[PDB]
Amino acid sequence: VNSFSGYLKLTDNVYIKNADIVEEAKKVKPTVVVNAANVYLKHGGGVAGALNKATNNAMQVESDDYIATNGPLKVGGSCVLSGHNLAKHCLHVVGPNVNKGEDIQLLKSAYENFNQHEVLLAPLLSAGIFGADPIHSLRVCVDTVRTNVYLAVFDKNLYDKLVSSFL
Ligand SMILES: O=C(O)[C@H]1C[C@H](O)CN1c1ncnc2[nH]ccc12
């Protein structure tokens, strides 16, 4: 039993809700919140810009030190950093950004990072400003993640479409 509330159960391990991931994290304080990161951990817009703003830019400060030490992530890769005031940890995961020409096949590799964590609060990778089809992202999530994932979909219209079209 965990403290997530109001989610629709899609499969044995995937749950979905129309919610602002920032407000959800603040309420639940999950062990792991997933950020929709880029390889430079430059948290400018979308989910990443929103999470970082909620940390008063502390996420960006920590991220800049991470990059200065380690260099950029790989597309499809991840790193674990602090969750600041939002969660214990933040798993920064880089899905392919179609608006950059990146291979959508890397979306499965991106979701594989979730399997290293027993429970996560997450967005749909590569959706929104990353330019992929969210219906496809949800399908890859369900077919790749085996740990317990609580998906927050900001757009209510999109949430309704994601639910109605789920196979
Ligand atoms: O449009 C949406 O609903 C999704 C898809 C996109 O990739 C990011 N976005 C979000 N999802 C959940 N919480 C969020 N807080 C701020 C933005 C946001």
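Here Cβ is always computed from backbone atoms with ideal geometry, including for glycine, and neighbour counts include all displayed protein chains. Coordinate-derived values only; no laboratory data.
Restricted to region 20-43, and to residues there that are aliphatic (A, V, I, L, M) and surrounded by 21 or more Cβ atoms within 10 Å (Cβ to Cβ), the residue that is nearest to the ligand (Cβ to nearest atom) is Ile21. One residue stands out among those in region 85-107 that are touching a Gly at 6+ places or on another chain (Cβ under 6 Å) and crowded, with 23+ Cβ neighbours inside 10 Å: the one that is farthest from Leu41 (Cα to Cα), which is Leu107.
Contact map, region 8-35: residues that are aromatic (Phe, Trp, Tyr) paired with residues that are within 9 Å of the ligand (Cβ to nearest atom), Cβ distance under 9 Å, separation 6+ or inter-chain. Pairs shown: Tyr15/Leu151. Quick check on region 134-159: of everything there that is part of a loop (DSSP other than H, G, I, E, B) and within 13 Å of the ligand (Cβ to nearest atom), which residue is surrounded by the fewest Cβ atoms within 10 Å (Cβ to Cβ)? Of everything passing the filter in region 134-159, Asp155 is surrounded by the fewest Cβ atoms within 10 Å (Cβ to Cβ). Number of residues in region 44-79 that are more than 12 Å from the ligand (Cβ to nearest atom), surrounded by 15 or more Cβ atoms within 10 Å (Cβ to Cβ) and under 26 Å from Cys141 (Cα atoms): the value is 8. Of all residues in region 108-133, those being surrounded by fewer than 21 Cβ atoms within 10 Å (Cβ to Cβ) and assigned to a helix (DSSP H, G or I) number 7. If only residues of region 1-19 that are within 13 Å of the ligand (Cβ to nearest atom) and in a strand (DSSP E or B) are counted, the one that is farthest from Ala50 (Cα to Cα) is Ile16.
Write out, first by first residue and then by second, each pair whose Cβ atoms fall under 9 Å of each other, whose residues are 6+ apart or on separate chains, and whose first residue, in region 109-134, is closer than 17 Å to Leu10 by Cα and of a type in the set (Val, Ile, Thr) while the second is near the ligand (Cβ under 8 Å from one of its atoms) and not in a helix (DSSP H, G or I). Note: no pairs meet the criteria.
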